[PDB]
Amino acid sequence: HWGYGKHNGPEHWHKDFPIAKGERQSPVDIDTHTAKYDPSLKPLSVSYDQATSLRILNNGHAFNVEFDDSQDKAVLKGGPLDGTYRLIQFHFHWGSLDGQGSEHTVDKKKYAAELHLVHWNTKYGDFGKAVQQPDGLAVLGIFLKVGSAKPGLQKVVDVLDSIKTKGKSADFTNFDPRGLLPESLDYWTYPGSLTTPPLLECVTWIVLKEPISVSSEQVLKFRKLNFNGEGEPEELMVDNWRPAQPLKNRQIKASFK
Ligand SMILES: O=c1cccccc1O
Ligand SMILES: [Zn+2]
């Protein structure tokens, strides 16, 4: 099945998921010079103070921190959105080396990692219905640069030893995702897709301008995870990023001048 290696990676995905070659694929390069300021965009509204994290899961391609999305506990609205979107999970994409790992790029620059906070449009009832819709998801993407530690990430780093292999999970209650956010909520936005199979074109992407800094030790710990299952040959979970896709004349809008 699909992965990130030479024989099952991004170049191969189109065979099983032909939408890989679609008109609104992600990620993209964000060319800042050609992203137009849109004064009709609203500020983003991030309402996470009642977030209820549940669990952390190594799914074979990343680690997901899952939330209770059966009520409006942690929601995203405003910005480019015209609905309420409920947080279901966050995860990261990252590199084998600090100079690569993000999915989006900014003027062709790669960050060491990218955080995705995944939300679904509550008018569709459930995540599974939302992913059948062109406005079903909103993903808040945040770049990670290596520098100082991010204290609000450390609780995630600490638990990774307990979910080293595919299919492992651990309780992860009482995690506050607000400690993963940068100061500014200035963003770019464009219509796109999931960046992993099934690559569905459901996503309003909201990419924050301001990176967060994480330490070299924090990202090192991410790189000790495994793609494989327990008892299988060890394959370090690194370079789980899709490269930038053709923009296909979409326009990226900026909330800021
Ligand atoms: O950002 C994501 C959102 C939803 C599902 C799968 C994979 C992803 O990388
Ligand atoms: Zn992702």
Side-chain angles (χ1 to χ4, degrees), residues 4 26-27 29-30 32 44 46 48 51 53 55-67 74 76 87-119 139-165 168-170 172-188 195-196 205-227 236-244:
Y4 293 95
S26 296
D29 182 54
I30 300 164
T32 65
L44 262 197
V46 179
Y48 290 172
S53 64
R55 190 182 72 140
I56 189 172
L57 169 62
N58 178 333
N59 68 8
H61 59 271
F63 58 91
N64 284 0
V65 175
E66 297 163 348
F67 289 79
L76 184 69
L87 177 65
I88 179 165
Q89 56 95 338
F90 70 82
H91 64 272
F92 304 80
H93 305 260
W94 61 85
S96 55
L97 304 164
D98 296 346
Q100 64 197 51
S102 66
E103 297 210 302
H104 294 86
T105 55
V106 180
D107 300 319
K108 302 290 174 53
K109 165 191 180 68
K110 295 169 161 107
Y111 289 90
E114 187 175 327
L115 169 61
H116 290 165
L117 298 125
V118 182
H119 319 71
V139 185
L140 182 55
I142 303 180
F143 301 117
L144 286 57
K145 66 174 183 203
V146 173
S148 306
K150 190 67 170 173
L153 181 60
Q154 189 64 34
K155 284 212 307 198
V156 170
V157 167
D158 286 343
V159 77
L160 295 183
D161 285 335
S162 69
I163 57 155
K164 184 179 185 186
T165 52
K168 292 292 182 59
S169 68
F172 207 67
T173 57
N174 308 105
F175 185 75
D176 190 339
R178 290 175 297 180
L180 300 172
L181 302 179
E183 296 178 356
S184 183
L185 294 178
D186 289 356
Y187 64 91
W188 298 280
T195 63
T196 65
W205 276 95
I206 300 168
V207 176
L208 292 189
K209 168 199 80 176
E210 186 183 327
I212 61 164
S213 284
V214 306
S215 67
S216 67
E217 295 80 13
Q218 292 179 316
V219 72
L220 180 288
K221 293 185 183 186
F222 284 19
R223 299 182 184 124
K224 288 181 64 261
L225 290 163
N226 282 186
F227 287 122
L236 293 179
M237 188 177 283
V238 294
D239 292 322
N240 59 347
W241 51 275
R242 194 195 191 186

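Counting begins at 1 with the first residue of the sequence.
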Exercise. Does a side-chain heavy-atom distance below 4.5 Å link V146 with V219?
Worked result: yes
Exercise. With side chains defined as the heavy atoms from C-beta onward, is the minimum distance between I56 and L160 less than 4.5 Å?
Worked result: yes
Problem set entry | Interatomic distance, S169 atom OG to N59 atom CG [nearest 0.5 angstrom] | 11.5 Å
Exercise. Under a 4.5 Å cut-off applied to non-hydrogen side-chain atoms, are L115 and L180 in contact?
Worked result: yes
Exercise. Any side-chain heavy-atom pair from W188 and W205 closer than 4.5 angstrom?
Worked result: no
Problem set entry | Side chain to side chain, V118 and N64, heavy atoms closer than 4.5 Å | no
For this session: Compare every heavy atom of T196 with every heavy atom of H93, then report the nearest pair and how far apart it is.
Result: CE1-CG2, 4.3 Å
Exercise. Shortest non-hydrogen contact from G60 to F227?
Worked result: O-CD2, 3.2 Å
For this session: Return each pair, listed once, that meets salt bridge (charged side-chain N to carboxylate O under 4.0 Å, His left out) where at least one residue sits in residues 212-227; pairs must be two or more places apart or across chains.
Result: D98-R223
For this session: Kindly indicate whether the side chain of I206, heavy atoms from C-beta on, has any atom under 4.5 Å from the side chain of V139.
Result: no
Exercise. Roughly how far, to the nearest 0.5 Å, is the CG atom of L87 from the NE2 atom of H119?
Worked result: 4.5 Å
Problem set entry | Donor-acceptor under 3.5 Å (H91 side chain, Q89 main chain) | no
For this session: Could I get the full list of ring-ring contact (aromatic ring centres under 6.0 Å, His included) partners for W94, not counting sequence neighbours?
Result: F63, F222
Exercise. Are more than 12 heavy atoms from other residues, nucleotides or ligands located less than 6.0 Å from atom NZ of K164?
Worked result: no
For this session: Quick one: pull up CG in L225 and CG in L236 and give me the separation to the nearest 0.5 Å.
Result: 9.0 Å
Seminar exercise, completed: Taken in chain and number order and not counting sequence neighbours, the residues that satisfy salt bridge (charged side-chain N to carboxylate O under 4.0 Å, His left out) with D239 are none
For this session: Verify, without hydrogens or angle tests, whether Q218 (side chain) and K150 (backbone) share a donor-acceptor contact under 3.5 angstrom.
Result: yes
Seminar exercise, completed: dist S184:OG -> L44:CG (nearest 0.5 Å) comes out at 9.5 Å
Exercise. Distance-only, no hydrogens or angles: does the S53 side chain make a donor-acceptor pair with backbone N or O of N174 under 3.5 Å?
Worked result: yes
For this session: Measure the shortest side-chain to side-chain distance between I142 and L117 over non-hydrogen atoms and say whether it is less than 4.5 angstrom.
Result: yes
Problem set entry | Nearest non-hydrogen partners of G101 and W241, listed with the distance | O-CB, 3.4 Å
For this session: Give the C-alpha distance, both sets of side-chain angles, the deciding distance and a yes or no for side-chain contact (heavy atoms from CB on, under 4.5 Å) between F92 and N240.
Result: CA-CA 9 Å; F92 304 80; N240 59 347; over 6 Å; no
Exercise. How far does CG of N226 sit from OG1 of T165, to the nearest 0.5 angstrom?
Worked result: 6.5 Å
Problem set entry | Check: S26 main-chain N/O paired with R242 side-chain donor or acceptor under 3.5 Å | yes
Exercise. Okay, side chain of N58, backbone of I163: is any donor-acceptor separation there less than 3.5 Å?
Worked result: yes
Problem set entry | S162 and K168, any side-chain heavy atoms less than 4.5 Å apart | no
For this session: Classify the angle between the aromatic ring planes of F67 and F90 as parallel (below 30°), tilted (30 to 60°) or perpendicular (above 60°).
Result: tilted
Problem set entry | Over all atoms of both residues, closest heavy-atom pair of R55 and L57 | NH2-CD2, 3.7 Å
Exercise. Hey, is NZ on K209 packed in by over 12 heavy atoms from elsewhere, all under 6.0 Å?
Worked result: yes
Problem set entry | Contacts of type ring-ring contact (aromatic ring centres under 6.0 Å, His included), residue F172, not counting sequence neighbours | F175
For this session: Using the test salt bridge (charged side-chain N to carboxylate O under 4.0 Å, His left out), find all partners of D176 that sit at least two apart in sequence or belong to another chain.
Result: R178
Problem set entry | Contact list for residues 103-115, test salt bridge (charged side-chain N to carboxylate O under 4.0 Å, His left out), sequence neighbours left out | none
Exercise. Is it true that a side-chain atom of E210 and a backbone atom of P182 form a donor plus acceptor pair closer than 3.5 Å?
Worked result: no
Exercise. So, for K145 and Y111, which heavy atoms are closest and what is the spacing to 0.1 Å?
Worked result: CB-CD2, 4.0 Å
